[PDB]
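Participant: Contents are compact mmCIF, C-alpha atoms; file name final18.txt:
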```
# COMPACT_ATOMS: atom_id res chain seq x y z
CA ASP A 467 7.97 32.75 76.33
CA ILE A 468 5.67 33.88 79.16
CA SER A 469 6.67 37.29 80.53
CA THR A 470 4.92 40.67 80.68
CA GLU A 471 8.22 42.54 80.38
CA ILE A 472 7.93 46.00 78.84
CA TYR A 473 10.05 46.20 75.70
CA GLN A 474 13.02 48.58 75.67
CA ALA A 475 12.02 49.96 72.28
CA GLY A 476 13.66 53.35 72.80
CA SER A 477 17.28 54.21 73.45
CA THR A 478 16.62 55.24 77.06
CA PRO A 479 15.89 52.16 79.21
CA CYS A 480 12.78 52.06 81.38
CA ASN A 481 12.24 49.67 84.29
CA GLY A 482 9.26 48.72 86.42
CA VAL A 483 6.74 51.00 84.71
CA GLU A 484 6.56 51.69 80.98
CA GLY A 485 7.78 55.20 80.20
CA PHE A 486 9.20 56.91 77.13
CA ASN A 487 9.27 54.64 74.07
CA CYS A 488 8.12 51.72 76.23
CA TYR A 489 5.39 49.48 74.81
CA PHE A 490 3.78 46.16 75.67
CA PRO A 491 4.99 43.55 73.13
CA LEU A 492 1.63 41.71 73.14
CA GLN A 493 -1.65 42.77 71.58
CA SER A 494 -4.59 40.66 70.46
CA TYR A 495 -6.66 40.39 67.27
CA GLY A 496 -9.78 42.49 66.79
CA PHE A 497 -11.93 39.56 65.70
CA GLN A 498 -15.26 40.61 64.20
CA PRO A 499 -17.78 38.89 61.90
CA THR A 500 -17.55 41.90 59.57
CA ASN A 501 -13.74 41.60 59.43
CA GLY A 502 -12.37 41.00 55.96
CA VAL A 503 -10.74 37.85 54.65
CA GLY A 504 -7.13 37.11 55.60
CA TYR A 505 -7.46 38.66 59.05
CA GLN A 506 -9.62 35.71 60.08
CA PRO A 507 -7.83 33.35 62.50
CA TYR A 508 -6.87 29.81 61.56
CA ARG A 509 -6.43 27.18 64.26
CA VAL A 510 -3.14 25.35 63.69
CA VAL A 511 -2.01 22.07 65.26
CA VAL A 512 1.66 21.08 64.96
CA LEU A 513 2.83 17.49 65.49
CA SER A 514 6.46 16.53 66.11
CA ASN B 370 16.79 57.70 69.26
CA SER B 371 15.48 61.22 69.91
CA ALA B 372 13.57 62.36 73.00
CA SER B 373 11.06 64.59 71.16
CA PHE B 374 8.73 61.94 69.65
CA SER B 375 6.32 59.69 71.55
CA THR B 376 4.48 57.42 69.08
CA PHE B 377 6.36 55.38 66.46
CA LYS B 378 4.41 52.62 64.69
CA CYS B 379 5.64 50.81 61.58
CA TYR B 380 4.30 47.83 59.62
CA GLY B 381 6.54 47.59 56.55
CA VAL B 382 9.75 47.00 58.51
CA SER B 383 11.14 47.42 62.01
CA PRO B 384 12.50 50.98 62.41
CA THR B 385 15.62 49.64 64.15
CA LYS B 386 16.79 47.65 61.10
CA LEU B 387 17.74 50.19 58.42
CA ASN B 388 21.32 49.37 57.39
CA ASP B 389 20.30 46.24 55.47
CA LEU B 390 17.30 47.56 53.53
CA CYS B 391 17.59 51.08 52.10
CA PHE B 392 14.64 53.42 51.61
CA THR B 393 14.19 55.13 48.23
CA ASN B 394 12.00 58.08 47.23
CA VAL B 395 10.75 59.14 50.66
CA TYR B 396 8.39 62.13 50.59
CA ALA B 397 7.08 64.51 53.25
CA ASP B 398 4.10 66.82 52.75
CA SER B 399 1.91 68.88 55.06
CA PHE B 400 -1.81 68.14 55.35
CA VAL B 401 -4.77 69.68 57.20
CA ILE B 402 -6.33 67.68 60.05
CA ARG B 403 -8.48 69.04 62.87
CA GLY B 404 -7.79 68.44 66.55
CA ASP B 405 -10.74 66.04 66.83
CA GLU B 406 -9.01 63.39 64.67
CA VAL B 407 -5.88 62.88 66.79
CA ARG B 408 -6.07 59.08 66.43
CA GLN B 409 -9.17 58.70 64.21
CA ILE B 410 -7.10 59.16 61.02
CA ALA B 411 -5.81 56.00 59.32
CA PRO B 412 -5.46 54.67 55.77
CA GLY B 413 -8.52 53.07 54.23
CA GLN B 414 -11.36 55.19 55.63
CA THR B 415 -14.88 54.71 54.25
CA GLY B 416 -16.83 56.96 56.62
CA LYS B 417 -18.33 60.42 56.33
```
With the file now loaded, output its structure as structure tokens.
Facilitator:
Amino acid sequence: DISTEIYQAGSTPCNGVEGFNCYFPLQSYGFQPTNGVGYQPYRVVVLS
Amino acid sequence: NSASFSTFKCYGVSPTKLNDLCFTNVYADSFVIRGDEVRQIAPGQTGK
């Protein structure tokens, strides 16, 4: 899936521009050397 | 589904799905927080 479509989290639908109860589904990881164990990322390769 | 709340964030479970899993022993209590900690308050704080 590749689409920057604002999620319709709330009951009222919002289009074009995020409004009430509209949030971006994607956020990143706050990587940091001081970050604790478990939050660290693991590179995964999947073969089919 | 109300129009009086702006920010809803949940980690334990999606707020939408509530018929399947049922909450038990939910508590609400008032606390004192200044206006300078609008979003600087979070669990697990080891500051001043």
Participant: Compile the residues of chain A that lie within 12 Å of chain B, evaluated using only C-alpha atoms, and express the compilation as a PyMOL selection string.
Facilitator: chain A and resi 474-479+485-489
Participant: One decimal, in Å: what's the spacing between CA of residue 411 (chain B) and CA of residue 506 (chain A)?
Facilitator: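 Atom-to-atom, CA of residue 411 (chain B) and CA of residue 506 (chain A) are spaced 20.7 Å apart.
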Participant: Between CA of residue 483 (chain A) and CA of residue 497 (chain A), measure the distance and give it in Å to one decimal.
Facilitator: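 So the two atoms, CA of residue 483 (chain A) and CA of residue 497 (chain A), lie 29.0 Å apart.
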Participant: Once 6 Å is added on each side, what centre and edge lengths in Å to one decimal does the axis-aligned box around all listed atoms of region 387-401 of chain B have, as AutoDock Vina command-line options?
Facilitator:
```
--center_x 8.3 --center_y 58.0 --center_z 52.8 --size_x 38.1 --size_y 35.4 --size_z 23.2
```
Participant: To one decimal in Å, tell me the separation between CA of residue 493 (chain A) and CA of residue 415 (chain B).
Facilitator: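 We find that CA of residue 493 (chain A) and CA of residue 415 (chain B) lie 24.9 Å from each other.
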Participant: Can you list, as a ChimeraX atom specification, every protein, DNA or RNA residue that comes within 9 Å of region 467-470 of chain A when you count all atoms listed in the file, leaving out same-chain residues fewer than 5 positions away?
Facilitator: /A:490-492
